[PDB]
Protein chains: 2
Amino acid sequence: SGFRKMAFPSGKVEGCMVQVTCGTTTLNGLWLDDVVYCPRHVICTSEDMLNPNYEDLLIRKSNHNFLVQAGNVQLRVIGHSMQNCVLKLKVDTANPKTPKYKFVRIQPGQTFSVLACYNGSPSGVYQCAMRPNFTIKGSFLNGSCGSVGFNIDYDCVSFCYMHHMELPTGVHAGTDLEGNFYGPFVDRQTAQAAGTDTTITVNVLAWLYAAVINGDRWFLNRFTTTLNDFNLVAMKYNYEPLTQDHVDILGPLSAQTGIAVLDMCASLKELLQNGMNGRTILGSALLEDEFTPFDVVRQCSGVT
Amino acid sequence: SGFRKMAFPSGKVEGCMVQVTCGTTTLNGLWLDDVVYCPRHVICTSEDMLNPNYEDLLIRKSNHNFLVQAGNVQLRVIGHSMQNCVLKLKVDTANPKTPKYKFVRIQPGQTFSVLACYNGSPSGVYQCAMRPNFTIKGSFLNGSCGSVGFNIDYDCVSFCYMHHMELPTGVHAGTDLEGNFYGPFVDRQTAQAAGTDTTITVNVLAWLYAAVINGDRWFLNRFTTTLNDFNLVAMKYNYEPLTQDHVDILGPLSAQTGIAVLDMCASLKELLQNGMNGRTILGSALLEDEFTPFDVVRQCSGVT
Ligand SMILES: *CC(=O)Nc1cccnc1Cl
Ligand SMILES: *CC(=O)Nc1cccnc1Cl
């Protein structure tokens, strides 16, 4: 019993983290096979970030200008290219610790683990979600860029995020491992404001199911609702519209608890309208929206 | 910027987890050098747990009855002994992945990372605290026993917890790596109730400092207090008494923010008396007490 905000074990990713230095800029890279992936802004001074022309800045950079260090051993750079907002540094050594891996582009509401790194060294691991406004709420200091977000399916690491940017609102923006930003964000120090950070309704319901499974039941009520009625309330509270696809995804948790999805929607409706009244659910005073239905099933069944 | 509930990178501990089977009981063991550490109740049937005589149960067990599996390779058991509530299984192979390590016994209020395992395989990592009632609020299913809690100082893993027990209240009890339970708990299926789960005051104040550092300042007020006045309020709210030792520990965060510890105590006093009024601090609607002052400084300075 118990339900914690749980990251994937980080060992497979720890084995992939290198230090990348270009001039006075040091950040992190991801070493898979004989390629090191890092944010392209590794080539920028802070002054450059105001209005960088990356193709023009890149012309002044040679393979020997990209200093790549794995532990205390230097990697030889034999080639480099820009793909969207990442650099691919070809090195002469395949990472011997390369795990089975995929590059995946996640959707808003999907959770992932972040291995926060500085100078190619792991500092910690935490669980994030791709927010509906395509930001993430991370913990990232200067030097943390090139830290990656990932899921594990048994032995295969799916890399979904590389850290690039802090908005002035202190939220985070980054790319998939093809270097495409999530959302409308760009690797330039400009006016970029996040849109509405709406609540991931399907994730809250997953977490309410996790609460029932773990004995927290006080919020179960005598009511039901419909998708359309629930959605009128979701709108008002800046919750994502609940779709039949979400209802279908929640089916296994419905089955296990014997609580119809729409009944749990009616519980969530009362919690939105009435508040917690100073009570907690799974030790939280707000509705947690960074567990997916798949996260709940994983943690409640003990998948390794 | 940003402040997350952050675990240590788990790789060094992942490399230590084995499966231990005795009869029909499978749980996890920790393989360091040529010793595998596991809960002694590995020798019990569920029926035994009602009133186990461990010395008597152990007599019926030989080295060849302890099946120890690291990945898909079996380890040869060449000796076994009971130390308090753990078994030490001597194996003929030193774990080649043994990190630098210590066994440390932590105090209530100290945080640690848990690598939740099943069948010697990691499922996830999360951050816990030794509660003032010597429980922890974990996420542990059947099979999770022998999962360990740890801190890392650069390259040295300090093992502070091994998982043994779920109380009927769904909270967790376990031992240090010498097999001594935290608190008054025993490895028997009996009436054991947790005492008052008081809030770790020094940890809340640390986290309020983390909030200021990361831009959340709305709760800063015009007031101060004294340890004695604050403590009258702490008592009423089941918060741990704040000591001068705690004030001293918070000194660096005081220095960095320029907020006197006692001023931050007066902010915490108003928050206790007045509530959050539906506001959040670092995305939390309750006062977080599972960051130590050392955790805050670590995460805010990016230690690896
Ligand atoms: C994203 C990131 O870490 N960027 C950065 C900011 C300031 C200094 N160095 C770096 Cl890298
Ligand atoms: C502590 C733990 O994991 N114990 C347990 C309970 C039920 C079945 N197997 C085990 Cl091991």
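The values are calculated or read from the model by the stated rules, or taken from the named source; none is laboratory data. Note that we place each Cβ from the backbone using ideal geometry, even for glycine, and neighbour counts take in every protein chain shown.
List of remarks:
- Subset tally (residues that are within 13 Å of ligand 2 (Cβ to nearest atom) and polar (S, T, N, Q)) for the range B:160-176: 1
- For the range A:77-131, a residue qualifies if it is exposed (fewer than 15 other Cβ atoms within 10 Å of the Cβ) and hydroxyl-bearing (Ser, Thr, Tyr), and the qualifying residues are A:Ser81, A:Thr93.
- For the range B:60-74, the set of residues classified as part of a strand (DSSP E or B), more than 14 Å from chain A (Cβ to nearest Cβ) and within 16 Å of ligand 2 (Cβ to nearest atom) consists of B:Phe66, B:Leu67, B:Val68, listed by residue number.
- Single match in A:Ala285, A:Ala234 (criterion: of a type in the set (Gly, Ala, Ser), more than 14 Å from chain B (Cβ to nearest Cβ) and in contact with a strand residue (DSSP E or B) (Cβ under 9 Å, 6 or more places away or on another chain)): A:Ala234
- Criterion: farther than 22 Å from B:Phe294 by Cα and within 14 Å of chain A (Cβ to nearest Cβ) - qualifying residue of B:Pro168, B:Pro184: B:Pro168
- Test: residue in the range B:287-301 that is surrounded by fewer than 15 Cβ atoms within 10 Å (Cβ to Cβ) and either in contact (Cβ under 8 Å) with a residue 24 or more places away in the chain or within 30 Å of A:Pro168 (Cβ to Cβ) (or both): yes
- With respect to (1) within 13 Å of chain A (Cβ to nearest Cβ); (2) within 16 Å of ligand 2 (Cβ to nearest atom), the lone exception for B:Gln189 is condition (1).
- The single condition among (1) surrounded by 13 or more Cβ atoms within 10 Å (Cβ to Cβ); (2) on the phi > 0 side of the Ramachandran plot that B:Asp33 does not satisfy is (1).
- Qualifying positions in the range B:117-151 - away from chain A (no Cβ under 11 Å) and either closer than 24 Å to B:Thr198 by Cβ or among the small types (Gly, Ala, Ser) (or both): B:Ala129, B:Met130, B:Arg131, B:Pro132, B:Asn133, B:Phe134, B:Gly146, B:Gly149, B:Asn151
- When the test is whether a residue is in the same structural domain as A:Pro168 (by CATH) and free of Cβ contacts under 8 Å to residues at least 40 places away in the same chain, A:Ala193 passes it.
- With respect to the conditions (1) more than 14 Å from ligand 1 (Cβ to nearest atom); (2) touching a residue at least 60 places away in the same chain (Cβ under 8 Å); (3) out of contact with any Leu (no Cβ under 6 Å at 6 or more places or on another chain), A:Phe3 falls short on a single one, namely (3).
- Of residues in the range B:10-59 being within 14 Å of chain A (Cβ to nearest Cβ) and within 13 Å of ligand 2 (Cβ to nearest atom), the one nearest to the chain's Cα centre (by Cα): B:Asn28
- Every condition in (1) over 18 Å from B:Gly146 (Cβ atoms); (2) free of Cβ contacts under 8 Å to residues at least 24 places away in the same chain is met by B:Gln110 except one, and the failing one is (2).
- When each of B:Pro52, B:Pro9, B:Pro39 is tested for being touching a residue at least 60 places away in the same chain (Cβ under 8 Å), on the phi < 0 side of the Ramachandran plot and touching an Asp or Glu at 6+ places or on another chain (Cβ under 6 Å), the lone residue that passes is B:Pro9.
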